Amino acid sequence: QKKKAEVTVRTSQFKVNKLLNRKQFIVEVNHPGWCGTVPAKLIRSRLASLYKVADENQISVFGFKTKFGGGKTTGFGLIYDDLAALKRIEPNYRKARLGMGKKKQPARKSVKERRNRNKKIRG
Amino acid sequence: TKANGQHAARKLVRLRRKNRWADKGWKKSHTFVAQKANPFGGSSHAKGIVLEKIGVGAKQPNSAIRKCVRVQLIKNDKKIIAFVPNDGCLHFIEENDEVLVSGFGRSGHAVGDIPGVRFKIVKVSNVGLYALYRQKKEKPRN
Amino acid sequence: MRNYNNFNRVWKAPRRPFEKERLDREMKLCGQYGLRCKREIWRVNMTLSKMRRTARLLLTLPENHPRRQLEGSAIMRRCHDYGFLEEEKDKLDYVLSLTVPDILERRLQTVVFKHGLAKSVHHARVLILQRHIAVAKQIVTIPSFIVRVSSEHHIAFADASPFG
Amino acid sequence: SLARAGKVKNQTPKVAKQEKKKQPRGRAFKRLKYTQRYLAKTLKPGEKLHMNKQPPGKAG
RNA sequence: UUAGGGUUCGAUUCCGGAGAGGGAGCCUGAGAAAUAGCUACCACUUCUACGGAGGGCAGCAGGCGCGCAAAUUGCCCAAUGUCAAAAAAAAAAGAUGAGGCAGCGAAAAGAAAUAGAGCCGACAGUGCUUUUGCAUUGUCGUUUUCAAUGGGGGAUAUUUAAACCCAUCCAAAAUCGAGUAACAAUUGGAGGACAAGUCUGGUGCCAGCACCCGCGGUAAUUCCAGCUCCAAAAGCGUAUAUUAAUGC
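In structure tokens, the structure reads:
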């Protein structure tokens, strides 16, 4: 109306981890005039253009911390090399935000109960 | 007086250990006869079953009648007296109702114009008796 | 179990609360500087007593003692910050001339008013808590925020403000 | 006399209080008093100013 | 808790020891006199078509009892560790009431809302004054008026293992909302000690108050009610113990 709100994404300290073939980058966000919190979709796009990644698949981010007063956010994210490396190395929950995770295991309690009854049987 | 010598220590120590037994503010702590004597066991409160309502007189300079309650203690099977500490709340105590009992003020001397009684009834049936007095709650007979 | 986080009191009530001398010097503050309740007046008192304890203990010592040297500079440094004392002070007797008002004076509530951004202390306490003040660029909505000598000259307003 | 209890509190009149507007609260309350007693006056209490005074009437 | 010297507490997160209903004996193992291992006795206790066979919560929840007194038969192995033949993943993610998370939680502890401002009228103080009048400061008030914001509602969303709490927001094209601000603060006090009544009604040595000193016998500053004011304040009384007060 009087403005156009934008989302600005930057980064501060960057790593190259060749052991896991990932990048570890402390994100910063600014987002002047943006309404509420920044959805992670946007951030992934900005990071793509920044590090010259052709994907928002390889970009997988977790956690965001909203500082008091005004639009501000900081966070941390991970880029991986290949898409196979991502799926393999990364925790389940992080993946499943992209929708690359695994189906949930059956309830812990029913497992216990059955795992006990298997000790009884001889075959 | 006292001894100022370098090796005088043991005489000093043994002197104190003797003279603290002339203090009643030492005995009241360390001795368990005091604990035993106290009807709560030295606990903050206790509960009891109301036996009988007992009208109790008053001492000579202030002539009055005081409303008191003969209660039995669940914990130790001792009997005790206590005072009803609100106006016109003798009603709200009835026989064989559970009741709580507290001390009041100085707990080594009996309160003025009620001899032998250091004990006031805070709660009747876990309801605040003050709450009944200055109306908020109503007594259960439920 | 297994909690390793500290708790501490920051405020305590002075002995004999029915002194009519003390009552005078309480109301005088709490009305004037717009303070919520007496709890605040006490909160500063504690922290001031604390500071004054170590300063007394340092002052006792002979010259060229490590306690005196190190920890003397620190006490002085942090009263230069917040503007409690100026940079002409060094003695650790100056530090013992600090009293309750000089603390309260540098709280955000009063600093806001005094810099010309409100019309009363009561009014400046609202301006804080309605999220329409800043202390350089950072929005602070606490009236008990103690303002640096440097940063009481950059107060401005919030960027969320319809008054800014 | 085991029962005659509550004698006085039966007989007494009950107004059952009277409506009043809400009071200032927080700083506003503390403000209210500090104006009354310590300002618009030649005196600070002290006992020199009396915070509560009452009208006459009856004397014994 | 104490200026100092001291005084008092330690069941309880860390370290060390000991115990697993009460006792004793034993096997295996590098390590045990193990108890969700074994054997026996004793006190209890559960099944059985009564021929026999079992049980040990001072492990987590939960139940009964007890006493003045104390939480959910919740969710998760994501984190932190441990055990293992074991990295993850490959069709293909070991177990864990250890531990984490949430529920309940005014023990304790930190921050902070319940209003803020301009016009008019009344009152008080100070200065000047032709005594008419003016200026400044503060308070109170009307169907007085003006803005702003949280509690709360919602989300383009975000937090989290998943979901909440916090935070950020009411469009970026597009998303809520105060005026008696009913979104209305209480608990103890006003004779003395001790901050606050020359009050008004009722009671009349009765009812009751009172830690203590003392109030009440029709003239109550203390009782029982109302108004008024005071202290602390989202906390405030009461009980008991303990420390200061104590050079008792």
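Protein chains in written order, with PDB author numbering: chain Y, 4 to 126; chain M, 2 to 143; chain b, 1 to 164; chain c, 7 to 66. A virtual CB, placed ideally from N, CA and C, is assigned to each residue, including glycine.
(request) Step through the CB atoms of chain b and report whether any lies within less than 8 Å of the CB of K54/c. (result) To locate residue 54/c, count along the fourth sequence from 1; it is residue 48. Closer than 8 Å: no.
(message) Could you check whether the Cβ of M27/b sits closer than 8 Å to any Cβ belonging to chain c?
(response) What you label residue 27/b is simply residue 27 of the third sequence in a count that begins at 1. Taking Cβ atoms only, chain c reaches closer than 8 Å to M27/b, which makes this a yes.
(request) Using a Cβ cut-off of 8 Å, pull out every chain b residue sitting near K50/c, in sequence order please. (result) Your numbering for residue 50/c matches position 44 in the fourth sequence. Result: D24.
(request) Mind listing the chain b neighbours of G73/Y? Cutoff is C-beta to C-beta under 7 Å, in chain order. (result) Translated into the one-based positions of the first sequence, residue 73/Y becomes position 70. Result: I139, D159, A160.
(request) Please state whether DSSP places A43/Y in a helix, a strand or coil. (result) Translated into the one-based positions of the first sequence, residue 43/Y becomes position 40. The answer is helix: DSSP assigns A43/Y an H, G or I state.
(message) Can you check whether the C-beta of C30/b is within less than 8 Å of a C-beta belonging to chain c?
(response) Walking along the third sequence from the start, residue 30/b turns up at place 30. For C30/b, the answer is yes, since a Cβ of chain c falls inside 8 Å of its Cβ.
(message) When you compare the CB positions of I94/M and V118/M, do they come within less than 8 Å of one another, or not?
(response) Residue numbering aside, residue 94/M sits at position 93 when the second sequence is read from its first letter. Residue numbering aside, residue 118/M sits at position 117 when the second sequence is read from its first letter. No, the Cβ-Cβ distance between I94/M and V118/M is not below 8 Å.
(request) On the DSSP bridge assignment, give the partners of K48/M in chain order. (result) For the purposes of this step, residue 48/M is taken as residue 47 along the second sequence, with counting starting at 1. Looking at the DSSP assignment, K48/M forms a beta bridge with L101/M.
(request) Would you mind listing the beta strand (DSSP E) stretches within the region 68 to 105 of chain b that are 3+ residues and don't spill past its ends, in chain order? (result) none
(request) For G63/c, decide whether its Cβ has a neighbour in chain b, counting only Cβ atoms nearer than 8 Å. (result) Here residue 63/c refers to the residue found at position 57 of the fourth sequence. By this cut-off, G63/c is not an interface position.
(request) Classify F17/Y as buried or exposed, calling it buried when 16 or more other Cβ atoms lie within 10 Å of its own Cβ. (result) Start at 1 with the first residue of the first sequence, and residue 17/Y comes out as number 14. Flag for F17/Y reads exposed.
(request) Label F35/c either buried or exposed according to how many other C-beta atoms from any shown protein chain fall within 10 Å of its C-beta, with 16 as the threshold for buried. (result) In the fourth sequence, the residue the question calls residue 35/c occupies position 29. Result: exposed.
(message) Do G56/M and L8/c count as a contact pair if the criterion is CB distance below 8 Å?
(response) Here residue 8/c refers to the residue found at position 2 of the fourth sequence. Here residue 56/M refers to the residue found at position 55 of the second sequence. Yes. Within cutoff.
(message) So, at 6 Å on beta carbons, what are the nonlocal neighbours of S144/b in its own chain, with the 5 sequence-adjacent residues on each side left out?
(response) Numbered from 1 along the third sequence, position 144 holds the residue referred to as residue 144/b. Around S144/b: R107.
(request) Compute the Euclidean distance between the alpha carbons of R13/Y and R25/Y, then round it to the nearest angstrom. (result) Stepping through the first sequence from its first residue, residue 13/Y is reached at position 10. Stepping through the first sequence from its first residue, residue 25/Y is reached at position 22. Approximately 18 Å between the Cα atoms of the pair.
(message) Can you find the residues in the same chain that come closer than 8 Å, C-beta to C-beta, to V21/c, ignoring five residues on each side of it along the sequence?
(response) Here the question's residue 21/c lines up with position 15 in the fourth sequence. Within the same chain, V21/c has no close Cβ partners at all.
(request) Give me the Cα-Cα distance between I122/M and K19/M, rounded to the nearest whole angstrom. (result) Taking the first residue of the second sequence as position 1, residue 122/M is located at position 121. Taking the first residue of the second sequence as position 1, residue 19/M is located at position 18. The straight-line gap from Cα to Cα measures roughly 40 Å.
(request) Have a look at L130/M and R77/b and give me their C-alpha separation to the nearest angstrom. (result) Numbered from its first residue, the second sequence carries residue 130/M at position 129. Numbered from its first residue, the third sequence carries residue 77/b at position 77. Using only the alpha carbons, I get a separation of about 59 Å.
(request) Spell out the partners DSSP gives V21/c in its beta bridges. (result) Numbered from 1 along the fourth sequence, position 15 holds the residue referred to as residue 21/c. DSSP output for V21/c lists no bridge partner at all.
(request) Could you tell me which chain M residues have their CB closer than 9 Å to the CB of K15/c, listed as they occur along the chain? (result) Along the fourth sequence, one-based indexing puts residue 15/c at 9. Under the 9 Å cutoff, chain M gives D88, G89.
(request) Return the Cβ separation of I41/b and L29/b in integer angstroms, given the expectation that the two are a contact with Cβ distance under 8 Å. (result) Residue 41/b sits at position 41 when you count from the first residue of the third sequence. Residue 29/b sits at position 29 when you count from the first residue of the third sequence. Right, their Cβ atoms sit about 6 Å apart.
(request) For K28/c, return the contacting residues in chain b, with the cut-off set at a CB-CB distance below 9 Å. (result) Translated into positions along the fourth sequence, residue 28/c becomes position 22. What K28/c touches in chain b: nothing, since even the nearest Cβ is about 18 Å away.
(request) Report the neighbours of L8/c on chain M: residues whose CB is nearer than 9 Å to its CB, in chain order. (result) Position 2 of the fourth sequence, counted from the first residue, corresponds to residue 8/c. Near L8/c (Cβ distances below 9 Å), the residues of chain M are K54, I55, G56, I66, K68, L91.
(request) Just the C-alpha distance for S45/M and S64/M, rounded to the nearest angstrom, thanks. (result) For the purposes of this step, residue 45/M is taken as residue 44 along the second sequence, with counting starting at 1. For the purposes of this step, residue 64/M is taken as residue 63 along the second sequence, with counting starting at 1. In a straight line, the C-alpha of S45/M is about 32 Å away from that of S64/M.
(message) So for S144/b, helix, strand or coil by DSSP?
(response) Within the third sequence, numbered from 1, the residue matching residue 144/b stands at position 144. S144/b falls in the coil class under three-state DSSP.
(message) Give me, in chain order, the residues of the same chain whose beta-carbon lies closer than 7 Å to that of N60/Y; leave out the 5 immediate sequence neighbours on both sides.
(response) Stepping through the first sequence from its first residue, residue 60/Y is reached at position 57. Contacts found: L86, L101.
(request) For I82/Y, collect the residues of the same chain with a Cβ closer than 7 Å to its Cβ; drop the 5 residues on either side in sequence, then sort them by chain order. (result) For the purposes of this step, residue 82/Y is identified with residue 79 of the first sequence, where counting begins at 1. Counting only Cβ-Cβ distances below 7 Å, and skipping sequence neighbours, we find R25, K26, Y54, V56, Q61, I62.
(request) Express the C-alpha separation of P94/Y and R47/Y in angstroms, rounding to a whole number. (result) Taking the first residue of the first sequence as 1, we reach residue 47/Y at position 44. Taking the first residue of the first sequence as 1, we reach residue 94/Y at position 91. Approximately 19 Å between the Cα atoms of the pair.
(message) For the structure I just gave you, are there three or more beta carbon pairs, one from the region 22 to 30 of chain M and one from the region 72 to 84 of chain M, closer than 8 Å?
(response) no
(request) Just mark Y96/Y as buried or exposed, buried being the case when its beta carbon has 16 or more other beta carbons within 10 Å. (result) In the first sequence, the residue the question calls residue 96/Y occupies position 93. Exposed.
(message) At the level of alpha carbons, what is the spacing between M27/b and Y40/c?
(response) What you label residue 27/b is simply residue 27 of the third sequence in a count that begins at 1. What you label residue 40/c is simply residue 34 of the fourth sequence in a count that begins at 1. Their Cα atoms are separated by approximately 6 Å.
(message) Nearest by alpha-carbon distance to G73/Y: which of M46/b, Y4/b, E86/b, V140/b is it?
(response) Residue 73/Y sits at position 70 when you count from the first residue of the first sequence. Checking every option, the nearest Cα to that of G73/Y belongs to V140/b.
(message) Need the endpoints of the beta strand (DSSP E) that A55/b sits in, please.
(response) Start at 1 with the first residue of the third sequence, and residue 55/b comes out as number 55. Looking at the DSSP string, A55/b is not in any beta strand (DSSP E); the run it does join, the alpha helix (DSSP H), is 39 to 59.
(message) So the candidates are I50/M, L133/M, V72/M, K12/M; which of them puts its Cα closest to the Cα of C90/M?
(response) Taking the second sequence and counting its residues from 1, the one referred to as residue 90/M is at position 89. Measuring from the Cα of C90/M, the nearest candidate turns out to be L133/M.
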